[PDB]
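Protein chains in written order, with the UniProt record's numbering: chain A, 435 to 482; chain B, 51 to 482; chain C, 1158 to 1171, 1196 to 1494; chain D, 1158 to 1171, 1196 to 1205; chain E, 1399 to 1446.
Remarks on the structure that follows.
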Amino acid sequence: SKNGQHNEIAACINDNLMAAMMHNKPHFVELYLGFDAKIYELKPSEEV
Amino acid sequence: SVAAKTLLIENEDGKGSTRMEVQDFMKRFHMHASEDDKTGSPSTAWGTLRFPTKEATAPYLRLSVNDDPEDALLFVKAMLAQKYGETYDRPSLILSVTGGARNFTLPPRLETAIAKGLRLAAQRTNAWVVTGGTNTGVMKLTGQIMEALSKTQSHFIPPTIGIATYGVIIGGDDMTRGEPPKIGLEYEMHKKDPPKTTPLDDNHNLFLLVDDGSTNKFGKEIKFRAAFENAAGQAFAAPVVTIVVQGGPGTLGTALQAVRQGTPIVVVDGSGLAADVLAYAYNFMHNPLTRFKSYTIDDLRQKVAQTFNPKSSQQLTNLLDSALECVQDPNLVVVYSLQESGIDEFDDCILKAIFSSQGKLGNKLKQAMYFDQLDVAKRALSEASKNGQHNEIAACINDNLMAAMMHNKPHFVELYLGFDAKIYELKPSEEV
Amino acid sequence: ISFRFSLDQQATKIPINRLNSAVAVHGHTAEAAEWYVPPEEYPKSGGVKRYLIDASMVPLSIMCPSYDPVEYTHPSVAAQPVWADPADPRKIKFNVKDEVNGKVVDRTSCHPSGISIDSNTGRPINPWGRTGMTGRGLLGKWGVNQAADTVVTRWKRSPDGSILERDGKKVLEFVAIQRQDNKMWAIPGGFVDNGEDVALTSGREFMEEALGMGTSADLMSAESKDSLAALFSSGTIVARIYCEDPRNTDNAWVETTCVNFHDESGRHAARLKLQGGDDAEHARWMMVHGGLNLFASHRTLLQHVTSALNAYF
Amino acid sequence: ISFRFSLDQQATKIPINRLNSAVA
Amino acid sequence: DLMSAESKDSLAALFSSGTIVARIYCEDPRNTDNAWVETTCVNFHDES
Ligand SMILES: Nc1ncnc2c1ncn2[C@@H]1O[C@H](COP(=O)(O)OP(=O)(O)OC[C@H]2O[C@@H](O)[C@H](O)[C@@H]2O)[C@@H](O)[C@H]1O
Ligand SMILES: Nc1ncnc2c1ncn2[C@@H]1O[C@H](COP(=O)(O)O)[C@@H](O)[C@H]1O
Ligand SMILES: O=P(O)(O)OC[C@H]1O[C@@H](O)[C@H](O)[C@@H]1O
Ligand SMILES: [Mg+2]
Ligand SMILES: [Mg+2]
Ligand SMILES: [Mg+2]
């Protein structure tokens, strides 16, 4: 956040929030949601 | 509604208000047909604007750069006095929000934190927030904050004065031509004017369009904005606090004018751009803490060059010199950190800026009472007690105790009563 | 962390065996003769313009046959006050102490070559280069106008009392005045009067400009006077240089002697009530650094003060 | 505060090139 | 690439204070009887 780095943060925040939900870590879910991760722009790993 | 024909302007003596015709008062405002013109012509651009999805209309006045800011202050006072009666709620704080308008991109958490601090300060002090008049960046964000503030209020609504340079406004051509009293003129933010591209913010309650005979040039309203806030500050005996978030070269000029006119500034560090430059400069020149011993003029010059893009050595020298001139007086600059210090200390920075001024001691005690900081009031009283100062303390203790009772602060009531305030020598503000 | 840094810099603190490898970086633009050229419009002259010359054509060793300077003398100087020399410079002796009305005037330049006298008119020629303008201009004395500058310094201290430290050196702080004529910040000082020395001139100008005590404010309490006398008893002449003053001409130029009054403890400096008077508008304590924008060659003077005191610049 | 003052005065502790301006 | 030109002033400042510490004979494996390497050593010390 201090080092700007907006491109690298936005590309990986969604998958990390998703991973936090799968491994049952709610504190990490609230933390990742606080760091500008839009809830409806979450993407699945495989293709349907 | 029926158009006003006469208006009540408060006298220069400060003892009552006299009623006179609007065209007689309004003759003192000028406009420039071209840049070359100096003497000018009668303004003819004043009235009210109606915005979509907004119930109330916002007054606008186009005035010239050479016009007296006291006259514009009289105009704002005369409209509020007309709408809410003579005994309207006077401001005890003028909060000027300046900064980035186009390239104002920020992370959401920083906005919300500044917004929370700004909203609390504004709601507790009934502050007049003066930003620019346009629908961009931090001013638009501040407009949204005061829009939410405007709903919970019942009678008195604090003005959100927008001071913008005329000549950049897409609805500027429609408003000037015509019958001078324009009651409720519709403002079209989506209409396509070819040369100008910057629209007005729909959440601002009043507009001052500063004119200098130019088109599509910015930063012409900076000197008048600092002078108008200073004039307003002297008139209502209230401290003026400027807040700097991000910003370009004109924000640097705004801070420079503000520090030259005696107005304290609060620079939000960690928001990037000009604020980081100002914070770096202040920390280099004044802060004795250890992290800032490696700070240098060369790295500061590198920061100015990387942020502002001066394209020449002389321009870089003038900006760097102006940035160093802003933080020359350590009292007039207060640096807030949104990434190092705590979340609830922004109001402490605003109060420190209020406390850093010279006069208005009763108002400073009142301001300390509004933010619920007894320790600050206790330290100021203790310093006054040590420094003798019996004449200034005895003249203002009664009104402060009275004010503490009106705003429901019992701890402040006990504190003021402990500092030699006789209960039966309390006096009312008006005369029966 | 403060003591660790202070003890650490107290340890590894530090023309023969010295090598400059900057030529590998710059190339043919290593050093250039970056001399002083005054601005085109002479100050307070009503729009009178000089004869423009490039900075690479200025020194007197170089011939320069295309030289047509303008002769200008200010009306204030031409009205003949007490501090102004006569318009005909004959019978005046330069490079030695000359007596005008029984009063001693210095007239000696710090240039190693000295002042050369023109045979045709008897007027002096400036050894520090060409300036595109003859005559006296705003300066009252032919040749060297002796100026005395007073740099009253103290260490820049925090409320806890510790001295502020930048780039491993202690930070200075000097009294700076805003000039009445051109509104640029500067070191207090002024021209040396007839019959007076640098000591009296330095003290008198600092009292008149920075403190405003020159028959216009009030009388000082007389216990405070002993402190000011104690401050002024220890001064070191740090430099005697040529000023880059925009009022300089070919027949009258300002040369300064700089006197530094340093307050090691900071007690005497803190008792000064700064208030701009005489030909100064405002006076304030100002931090000394290399990015300062001051009038004439006062940055060079501050560089000399920090060089002598081993301070930050 | 005592060591800071002591180390600070241990640092900037200090007839030719000497001028007396007390006559002014 | 070309250096930013503010960074260049810093590198020039670093290179302006160098002390020749030694001028010795190299123990270089390419040395022969008719050609040998002898070095002059220049030290650029950064105190800060
Ligand atoms: N008040 C404005 N409103 C809209 N756009 C603006 C404004 N000022 C400048 N711009 C445009 O934004 C571009 C650069 O944006 P910024 O760097 O955000 O401009 P900045 O210098 O920050 O704005 C200065 C202005 O902002 C106000 O807070 C303050 O009153 C000051 O006048 C400029 O080229 C200009 O076209
Ligand atoms: N040698 C001098 N040259 C030019 N001006 C002088 C001189 N001596 C005295 N003055 C006057 O002193 C004013 C400012 O000098 P001072 O007050 O000494 O700083 C000038 O504007 C002149 O009126
Ligand atoms: O009379 P004023 O202009 O105030 O004093 C002369 C100044 O002009 C500068 O070159 C001198 O160093 C000196 O400070
Ligand atoms: Mg003087
Ligand atoms: Mg002077
Ligand atoms: Mg004088």
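Beta carbons: idealized from backbone N, C-alpha and C, even for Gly.
Confirm, please, whether the CB-CB distance from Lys1351 of chain C to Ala1451 of chain C is below 7 Å.
no
What distance in whole Å lies between the Cβ atoms of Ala1380 of chain C and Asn1201 of chain D, which are believed to be in contact at a cut-off of 8 Å?
6 Å
With contact counted as at least three CB pairs below 8 Å, one residue from each stretch, are the stretch 465-478 of chain A and the stretch 54-61 of chain B in contact?
no
Supposed contact pair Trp178 of chain B and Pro157 of chain B - C-beta distance, whole angstroms, cut 8 Å:
Actually they do not touch by this definition, with Cβ atoms about 29 Å apart.
Burial state of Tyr134 of chain B (16 or more Cβ within 10 Å)
exposed
With 7 Å as the threshold, decide whether the Cβ of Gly1371 of chain C is near any Cβ in chain D.
no
Along chain F, which residues have their Cβ under 7 Å away from the Cβ of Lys472 of chain A?
Absent from the structure is chain F; the protein chains it does hold are A, B, C, D and E.
Checking the sheet assignment: what are the DSSP bridge partners for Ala1492 of chain C?
C:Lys1351
Examine chain D for any beta-carbon lying closer than 7 Å to the beta-carbon of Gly1384 of chain C, and answer yes or no.
yes
Between the C-alpha atoms of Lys1406 of chain E and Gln352 of chain B, what's the straight-line distance to the nearest angstrom?
12 Å
Between the stretch 261-268 of chain B and the stretch 160-178 of chain B, can you find at least three pairs of beta-carbon atoms closer than 8 Å?
no
In the DSSP assignment, find the unbroken alpha helix (DSSP H) run with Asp1165 of chain D in it and report its ends.
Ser1159 to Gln1166
Which partner residues of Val290 of chain B appear in the DSSP bridge assignment?
B:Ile144
Thinking C-beta only, is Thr1312 of chain C closer than 7 Å to residue 1116 of chain C?
Lying outside 1158 to 1494, the shown extent of chain C, residue 1116 of chain C is not represented and no answer is given.
Name, please, each residue of chain C whose Cβ falls closer than 7 Å to the Cβ of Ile1197 of chain D.
Neighbours of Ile1197 of chain D on chain C: none; closest Cβ ~10 Å, over 7 Å.
If you drop the 5 nearest sequence neighbours on each side, which residues of the same chain put their C-beta closer than 6 Å to that of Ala418 of chain B?
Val426 and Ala427
Please name the residue, chosen from C:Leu1482, C:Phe1372 and C:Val1332, that lies closest to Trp1466 of chain C on a Cα-to-Cα basis.
C:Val1332
Please confirm whether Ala329 of chain B and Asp319 of chain B have their CB atoms less than 7 Å apart.
yes
Given a cut-off of 7 Å on the beta-carbon distance, is the pair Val188 of chain B and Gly150 of chain B in contact?
yes
Ignoring anything shorter than 3 residues, give me the beta strand (DSSP E) runs that lie fully in the stretch 1445-1494 of chain C, in order along the chain.
1461-1468
First and last residue of the uninterrupted beta strand (DSSP E) at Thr1417 of chain C:
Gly1416 to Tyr1423
Neighbour-count burial assignment, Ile400 of chain B, 16 or more Cβ in a 10 Å radius
buried
Taking 7 Å as the threshold (C-beta atoms), are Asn1307 of chain C and residue 1187 of chain C in contact?
Chain C lacks coordinates between 1171 and 1196, the interval that contains residue 1187 of chain C.
Does the Cβ of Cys376 of chain B have 16 or more other Cβ atoms within 10 Å, making it buried, or fewer, making it exposed?
buried
Taking 7 Å as the CB-CB limit, is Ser1163 of chain D close to chain C?
no
Would you mind listing the alpha helix (DSSP H) stretches within the stretch 1251-1315 of chain C that are 4+ residues and don't spill past its ends, in chain order?
1256-1259
Would you verify that the beta carbon of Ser1202 of chain D is, or is not, closer than 7 Å to some beta carbon of chain C?
yes
For the stretch 1385-1409 of chain C, list every residue whose C-beta sits within 7 Å of some C-beta in chain D, in sequence order.
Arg1385 and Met1388
Would the C-beta of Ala325 of chain B count as close to ligand 8, meaning under 6 Å from any of its heavy atoms?
Among the ligands in the structure shown, ligand 8 does not appear; only ligand 1, ligand 2, ligand 3, ligand 4, ligand 5 and ligand 6 can be found there.
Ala277 of chain B to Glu1354 of chain C, Cα distance in whole Å?
30 Å
To the nearest angstrom, how far is it from the Cα of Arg227 of chain B to the Cα of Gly1395 of chain C?
58 Å
For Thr346 of chain B, which residues in chain C fall below 8 Å Cβ to Cβ?
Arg1347 and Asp1348
Taking just the CA atoms, how far does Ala1411 of chain C sit from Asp349 of chain B?
40 Å
Buried versus exposed call for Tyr216 of chain B [16 or more other C-beta atoms within 10 Å across all chains shown]
buried
8 Å Cβ cut-off: residues of chain B touching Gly1471 of chain C
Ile347
Under 9 Å Cβ-Cβ, which residues of chain E neighbour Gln352 of chain B?
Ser1402, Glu1404 and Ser1405
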